[PDB]
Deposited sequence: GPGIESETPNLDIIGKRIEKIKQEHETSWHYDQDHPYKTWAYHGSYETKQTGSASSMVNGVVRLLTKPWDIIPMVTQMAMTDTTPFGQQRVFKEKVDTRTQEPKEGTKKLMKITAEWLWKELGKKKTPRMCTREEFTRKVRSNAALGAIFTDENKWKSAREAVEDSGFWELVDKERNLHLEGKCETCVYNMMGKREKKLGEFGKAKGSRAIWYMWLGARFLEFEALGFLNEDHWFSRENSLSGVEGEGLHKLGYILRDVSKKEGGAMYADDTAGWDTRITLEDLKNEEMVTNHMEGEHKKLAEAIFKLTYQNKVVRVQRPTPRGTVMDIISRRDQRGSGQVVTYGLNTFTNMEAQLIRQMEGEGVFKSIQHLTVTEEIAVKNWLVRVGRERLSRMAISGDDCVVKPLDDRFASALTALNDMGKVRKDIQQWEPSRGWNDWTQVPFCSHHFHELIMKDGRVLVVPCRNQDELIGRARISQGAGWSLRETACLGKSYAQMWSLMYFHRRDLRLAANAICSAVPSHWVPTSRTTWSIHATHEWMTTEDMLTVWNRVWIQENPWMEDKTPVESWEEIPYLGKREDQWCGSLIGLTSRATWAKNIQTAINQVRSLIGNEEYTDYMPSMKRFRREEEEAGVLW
């Protein structure tokens, strides 16, 4: 309690000694309130919208551009038998992830380049590029760093703003990255290294990965989402995640222990309240970390929870109230004998999972999952999970996957989602102050992603070609999974590299010579997934596409353009 968060709290009060008021009407029950002080949207991409006119009248698209009680909740302490299961599983899982990896500190150098190459670090000097080029900031970091080496914290404070992001100042983010960045930077949750993980795999790999699991003898495929995963992270989960420090040494060990002890297991947050007074609250549970460390620790704790749910379905342990000495031996023998095989039966991305268990007893194995506080979304606490019998219907990372056979018999496994969602996201730009050129380059990034991932959707291949015809040929795609669409190289060359050359599920490496040789979903399958084909508006839009292309060209001005439309059969002369 206050010994660990006091200094942070004291520093904030003193800097607002002319507003501090211990309001006794504070809405917090689960968050400790300490005091208060006085304080005080999504834009449309016009290039994408002008080239997607039929969607101007589709509410699912247009509503996406318009525009709690979860955070203020407490998860009960797991039973003793649950706690033992979690500790034994976490210990074994860090050892497996560590067999072929070395924990190491990340560098100012690595962090500096990251800020220059742009990446969502969630930080609060105008920008962060300037601070990185200011030795005063690094002296600030140094002070905090020596504070952390002494088991104390001064400036590592969260800011609150199914989604609530916790931003810290760049300095606090550096110290987090220094200590724990290795998890992401060195690919600890890669499929090679973790067996269940998919970190760095790419959307053109996830479908093949789900298909390989399918191959494994067993029951249905289960894909239960957790209700607000970050809010259900227990202090017991935070302490099992901290055991990664047991694989560390010297300074690094001490710096990592301090991030876990001082910023994760004992948080401090500023939240704006309109009644506007900045509220200084604290708690010892729930997920609070950078988005990227959040991803790796979410993947770890999800892998642990799913391997236990698999042990419950196999009857490795009878009761979660207490674990017999014999049951502990059985759990350990299970992990040593089949742990790796059981991790290979899952695909886990943060709080998202697909499990192909040994059989369907998994569906009603719910005691350990519920008691860890990982309560399933949109189903009764004790109702058995509904599994999937077809890998092409399993939801994962907001997608499903189709098996598509090319005219030459080679097999593509392609990512897919409702096309209204794809068009509605491409029509939105984050932040404002965008020039026409910057807006066009963001439209081109979406168009190139569509050509690479969603080429099998008739409307997206046409709109992608239209956008790439409407934006100057040499303008570079921008943005504010691996992103092979972020390039000025020809998209047919990238397609061949991604789907043929570098694709380990494709034995025959014969290049594709034109877009013609790249297939679509069946017409009915296209419609089922939101294609507008068969509609008067869509056909007029395809027939008159050169007119829409010319409207956008006229707005951008006299630039060098390419006509990509003759890459499609119909638009050839």
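Unmodelled regions of the deposited chain, listed from N- to C-terminal end, are 1-9, 50-54, 82-92, 150-155, 193-207, 322-324, 530-535, 629-637.
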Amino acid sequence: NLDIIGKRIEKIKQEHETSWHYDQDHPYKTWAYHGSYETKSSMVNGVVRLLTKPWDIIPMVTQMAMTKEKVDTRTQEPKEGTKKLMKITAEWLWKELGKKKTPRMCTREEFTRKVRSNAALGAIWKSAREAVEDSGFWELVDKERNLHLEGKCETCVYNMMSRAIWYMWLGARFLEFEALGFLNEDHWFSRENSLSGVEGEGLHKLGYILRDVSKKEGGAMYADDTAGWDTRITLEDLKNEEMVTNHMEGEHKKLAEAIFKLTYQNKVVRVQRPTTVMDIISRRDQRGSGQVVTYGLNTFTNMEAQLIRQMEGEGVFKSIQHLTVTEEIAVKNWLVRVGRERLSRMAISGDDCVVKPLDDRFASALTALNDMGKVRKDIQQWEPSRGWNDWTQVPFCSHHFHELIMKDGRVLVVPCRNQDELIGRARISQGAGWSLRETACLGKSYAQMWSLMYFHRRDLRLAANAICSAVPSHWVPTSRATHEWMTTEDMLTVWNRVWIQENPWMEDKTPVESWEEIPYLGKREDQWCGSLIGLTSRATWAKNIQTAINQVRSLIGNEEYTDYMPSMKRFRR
From here on, numbers count along this sequence of modelled residues.
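Note that the rigid core is defined as the largest set of C-alphas that superpose within 1.5 Å between two forms.
Choosing between 499-507 and 208-216, the greater Cα displacement from the shown form in 8 other deposited structures of this protein, fitted by the core, goes with 499-507. In terms of root mean square C-alpha deviation after superposing on the rigid core in 8 other deposited structures of this protein, the stretch standing farther out between 129-137 and 432-440 is 432-440. Compared against other deposited entries of this protein, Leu307 counts as consistently modelled, with coordinates in all of those that resolve the residues around it and thus below the third mark. Compared with other deposited structures of the same protein, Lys87 does not meet the criterion of being unmodelled in at least one third, since all of those that resolve residues on both sides include it.
The mean Cα B-factor in the deposited entry runs higher for 235-243 than for the other of 413-421 and 235-243. Across the two stretches, 141-149 and 462-470, the PDB entry reports the greater mean Cα temperature factor for 141-149. Of the candidates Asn503, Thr367, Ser127, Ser194, the PDB record gives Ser127 the highest C-alpha temperature factor.
Annotation for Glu403, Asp72, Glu383, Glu96: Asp72 ranks highest, by Cα B-factor. Ranked by C-alpha B-factor against the other modelled residues of its chain, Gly313 falls in the middle third. Sort the chain's modelled residues by C-alpha temperature factor and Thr324 lands in the highest third, per the entry. Among the modelled residues of its chain, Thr39 has a C-alpha B-factor that falls in the highest third, as given in the PDB entry. Among the modelled residues of the chain, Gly202 sits in the middle third by CA temperature factor in this PDB entry. When the CA B factors of the chain's modelled residues are split into thirds, the value for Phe177 lands in the middle one.
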